[PDB]
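Engineer: Here goes the first bit of my complex:
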Amino acid sequence: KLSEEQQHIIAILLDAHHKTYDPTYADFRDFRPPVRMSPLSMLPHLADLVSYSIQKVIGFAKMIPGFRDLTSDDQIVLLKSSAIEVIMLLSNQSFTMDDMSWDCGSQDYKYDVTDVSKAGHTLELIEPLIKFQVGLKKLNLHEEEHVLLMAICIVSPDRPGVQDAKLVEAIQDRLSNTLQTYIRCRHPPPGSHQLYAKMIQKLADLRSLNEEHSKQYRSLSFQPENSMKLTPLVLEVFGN
């Protein structure tokens, strides 16, 4: 029931993801070193990690079938609002339920709740973020489903500032229908049970995390002394 077009969409998104996500973590050495001891000792490092990841997200989004037909303004709006959400999704790959941390290849680059706290965040964000990573892990998504969910996240019509909401929606709907059909034809039960609805709930969860993250970000970037330790790309995309 998966058309040639739908199978093409999946192969494109899979390749786009393979070309833009590095599970070897080879670049983490390029980042300002992580500091654990502490007034925001982990902010420079994780700011760099995020800035690096924003660049990966942009590269993925450009390869989403249809994305490039939007106004420059609308591509920008969708990436600005989605970037943190997609990075949270992306990060599930290094998240381990063994100890509820993001484990990126080594000890220096294994991040837990206290590291995220040392980046300026409170439990208001960190607790639901962990709960999110756990719930997402528990879905045990196919990689096919993972990349579709990321693409659907980016092309949402209700994003703030969206101009051509009509065109954004048609782009998304084609992806949504690809995902729904994929699960039916390709995800065997019981894992498939309500899987689509569950995945959309993770996008609602992401909207909520986006909102809290923005609050804590404005509070963090309120003092220029902290704003100083971010990167130019982070300041541009998350605001300042």
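Structural biologist: Thanks, I have it. Numbering: from 1, shown residues only, chains lettered A, B, ... in the order given.
Engineer: in the host helix or strand of residue A:83, what's buried?
Structural biologist: Assigned by DSSP states H and E, residue A:83 belongs to helix A:72-91. Within helix A:72-91, the residues scored as buried using 16 or more other C-beta atoms under 10 Å are A:74-75, A:77-91. C-beta coordinates here come from the backbone N, C-alpha and C atoms, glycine included.
Engineer: can you check stretch A:181-189 too?
Structural biologist: Of the residues in stretch A:181-189, A:181, A:182, A:183, A:187 count as buried by neighbour count, 16+ other C-beta under 10 Å.
Engineer: so the third one makes contact with residue A:192?
Structural biologist: Going back to what we said before, that points to residue A:183. Yes - with contact defined as C-beta atoms under 8 Å, residue A:183 counts as touching residue A:192 (5.4 Å).
Engineer: just checking, residue A:187 touches residue A:142?
Structural biologist: Yes - in this structure residue A:187 lies within contact range of residue A:142 using C-beta under 8 Å: 6.5 Å.
Engineer: OK, contacts around the residue most central in space within chain A?
Structural biologist: Central residue of chain A (C-alpha atoms, centre = their mean): residue A:86, 1.5 Å from the mean position. Neighbouring residues of residue A:86 by C-beta atoms under 8 Å, 6 or more residues apart in numbering: A:57, A:60, A:150, A:153, A:154.
Engineer: throw chain B onto that model:
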Amino acid sequence: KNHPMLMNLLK
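Structural biologist: Below, chain B sits with the chains from the block before:
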């Protein structure tokens, strides 16, 4: 619009 780096990365 006043996102130089974002726009350049998207081109």
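Engineer: With chain B now part of the structure, what is the answer for the buried residues of helix A:72-91?
Structural biologist: Neighbour-count burial for helix A:72-91 flags A:74-91 (criterion: 16 or more other C-beta atoms under 10 Å in any protein chain shown).
Engineer: Helix or strand next in line after it, which one?
Structural biologist: Counting by DSSP H and E, the element after helix A:72-91 in chain order, helix or strand, is strand A:95-96.
Engineer: Within the sheet, what are the partner strands of that following strand, with directions?
Structural biologist: strand A:101-103 (antiparallel) (DSSP bridges).
Engineer: Show me the contact partners of the strand it pairs with.
Structural biologist: A:91, A:94, A:95, A:96, A:109, A:110, A:111, A:112, A:113, A:133 (C-beta atoms under 8 Å, 6 or more residues apart in numbering or on different chains).
Engineer: who's in contact with the nearest residue to the third one once chain neighbours are set aside?
Structural biologist: This means residue A:95. Nearest non-adjacent residue to residue A:95, counting by C-beta to C-beta, 6 or more residues apart in numbering or on different chains: residue A:133, 4.4 Å away. Neighbour list for residue A:133: A:88, A:91, A:92, A:95, A:100, A:102 [criterion: C-beta under 8 Å, 6+ apart].
Engineer: Assign a three-state SS to residue A:183, would you?
Structural biologist: Three-state assignment for residue A:183 (DSSP: H, G, I helix; E, B strand; the rest coil): helix.
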